[PDB]
Every structure is written in structure tokens, then in C-alpha cells.
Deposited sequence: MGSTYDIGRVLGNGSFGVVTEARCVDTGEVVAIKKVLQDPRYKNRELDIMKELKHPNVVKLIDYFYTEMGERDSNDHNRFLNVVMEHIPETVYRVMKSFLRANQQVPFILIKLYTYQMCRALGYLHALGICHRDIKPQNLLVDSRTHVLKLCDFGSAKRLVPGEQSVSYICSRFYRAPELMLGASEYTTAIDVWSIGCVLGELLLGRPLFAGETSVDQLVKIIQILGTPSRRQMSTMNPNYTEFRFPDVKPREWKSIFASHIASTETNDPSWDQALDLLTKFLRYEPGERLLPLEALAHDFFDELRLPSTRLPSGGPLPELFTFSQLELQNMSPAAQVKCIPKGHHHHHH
């Protein structure tokens, strides 16, 4: 059924190879992982549930040989990571339309996941597939994802370090899908800046870099992150962090930095929820009928909200997001 070739090379468990479905001629990605004798594979189980324009499609799966599970998923040629490095090498800002398009599609995917009670727990530019020609974006790498409900205890040391919520580094074991929302803010920040917003050398240093920009959380704020004292540090205004990028650039910066602030709240419950975030005016340009990609092509799918998405959006956000 498959012609398997070329390992694509993930930085997590399993091997992912490019392959061709000989039934369809379509290039696919196949993730091979060790399958447990007794337990279901949680990644596959989650993949079987997800049907969303901004989540990699589950195409097939089969068992090989313990044994191996092979998860056949749709193939997308690039990642937000790779797009960003281009612009970094060209010493160029990512165009605001692309930042808007990627942030919107990442919020939709994660909104859907959270509607199913699923926490992705590894949101990062490497895990966000993109096809440059259409600027579609799809979430992938569900190897760390978990069906999470509040009151559940889980591993603390869980995201990739730059995108890791502050409650996780403060040893919270009962966290929420809000940790994915902090990662969204970090990706937005990285799109605006060109380089990771908070780039710690260790997980503790990650927290310190966060505190150095946002400032010291109050003791009240500390208990929203872990109910179980930091030095006082002058925080930095966002207009200070992004000053070089602002100089070299609509009220897009006011809108982006408002959105940035609401994703990156210390208090996990105060972070702006992904589907509500879609109604932010930062995305108004995506809802204009005349808007096209910088190359002139049409926008990708943006307004095809599923029943489950709409049932998790305030009525105010529903009327705003459907044009």
C-alpha cells in the first residue's frame, strides 16, 4: 500500500518518513512508533477523533512485525519554523498578513482541540505545518497530547522549553489547556520578533527570562499557577521589546501587541481563549472579501466553523468571526 522513502527526522519519539500511497498516488507522512503490548496508543486514539481543516488529516494506520504502529498522515511541505528562518536569514520581518494567517489558524486548531478536552502540550513553530503556496497551516505531532480535564495531574516537564507555560516550570502538576494558550502567545511573539521571545538556557532560566520582560508575578498570581517569593524586576514594555521591528514598519502593532498581552497572562485562567481570540480585530483583515495572499492567491479556508467550534464560542465571537 505504501512506497516508503526518506526519514524526515523529528525531534521526538517515532520515525517519520515520506511515503507514497500507491492506491492514490499521494505523498504522505508515516509515523512509526513502538506499540505497547497492552495499552492503546494515545496519539493514534486522539488522531482518530480529530477532523479539522487545521489539523493534519489521519489517512490510515497499520501494524508492522511487541510490534510497530504506523500512523499515516497527510503531508505538508514546510513548517512555521522553516518560514521564520528564511525571514531571519533575509533579515526581514514576516509580513503581517502571514502573521495574522498563521495565528488565526493556530488558534482555530487549538480551540477545536480544547473543545474536545484535548491539550496539545507541544505547540512550537516546528510542530505547525505550512504550505507556502496557500499559507494553510495545520497542527501536528500529537505525541505529547493528552485528554486533559482540570483536576488531572500530569507531567510538569512537558513543552519544548521556549514555549513552556510558567506554571509548568513552577512545578504545577494540575494545569489546564491554558498551557497551550501560553505557547500560542510565544509563537505570536516569535513571529513578531523573528526569534524566540523567551529563550532560556535552562527551564529555570526560561522562567527568569519571562519574569524579566513581564515582571514579577504577585503572590496572588503565583497561586493561580501553583497553589503551593521572587526578586523585584522592572518589566519591559512590549513597545520596548519590539522597538527595532516597529521602527522598520495600519494599527497592526497595537492589535498584535494587545493580542500578545492577553495570551501571555501569568494567571492561566485569564489567558484569552483561542476561539474567542479569533474575533480580535487583529484578524479583521482576514474577513475582508477583497483580501488576498501577498502573491495574489485566495486566502485558505478560514470560516468553515464546525458545530463543536461554534458551541465553544461566545455569541459575540460567533457573529464577529462569520462574515
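Could you spell out the stretches of the deposited sequence that were left without C-alpha coordinates, going in sequence order? Missing CA coords at 1 to 3, 69 to 77, 241 to 244, 266 to 268, 343 to 350.
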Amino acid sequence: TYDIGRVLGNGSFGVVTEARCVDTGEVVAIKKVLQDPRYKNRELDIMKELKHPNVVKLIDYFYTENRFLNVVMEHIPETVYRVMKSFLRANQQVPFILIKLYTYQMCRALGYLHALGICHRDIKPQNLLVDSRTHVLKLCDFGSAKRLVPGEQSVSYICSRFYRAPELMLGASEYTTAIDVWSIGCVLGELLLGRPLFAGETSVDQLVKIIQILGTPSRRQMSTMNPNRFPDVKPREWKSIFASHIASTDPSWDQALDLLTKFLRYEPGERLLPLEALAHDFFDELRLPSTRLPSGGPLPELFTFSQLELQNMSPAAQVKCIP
From here on, numbers count along this sequence of modelled residues.
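Compare the mean C-alpha B-factor of 200 to 208 with that of 76 to 84 as given in the PDB entry, and name the stretch with the higher value. Averaging CA B-factors over each stretch, the winner is 200 to 208.
Check the entry's C-alpha temperature factors for 138 to 146 and 157 to 165, then say which stretch has the higher mean. The entry gives the higher C-alpha B-factor average to 157 to 165.
Identify, among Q35, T261, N70, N54, the residue whose C-alpha carries the highest B-factor in the deposited PDB entry. Within the set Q35, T261, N70, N54, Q35 shows the top C-alpha B-factor.
Out of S183, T103, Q92, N127, which residue has the highest Cα temperature factor in the PDB record? The C-alpha B-factor peaks, among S183, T103, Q92, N127, at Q92.
Relative C-alpha B-factor of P217, binned into the chain's lowest, middle or highest third: Tercile = middle for this residue's CA B-factor.
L288: which third of its chain by C-alpha temperature factor? Highest third - that is where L288 ends up once the chain's C-alpha B-factors are sorted.
Relative C-alpha B-factor of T177, binned into the chain's lowest, middle or highest third: Lowest third - that is where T177 ends up once the chain's C-alpha B-factors are sorted.
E237 - Cα temperature factor, lowest/middle/highest third of chain: CA B-factor rank for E237: middle third.
Third of the chain's Cα B-factor distribution that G189 belongs to, per the entry: Lowest third, going by the recorded CA B-factors of the chain.
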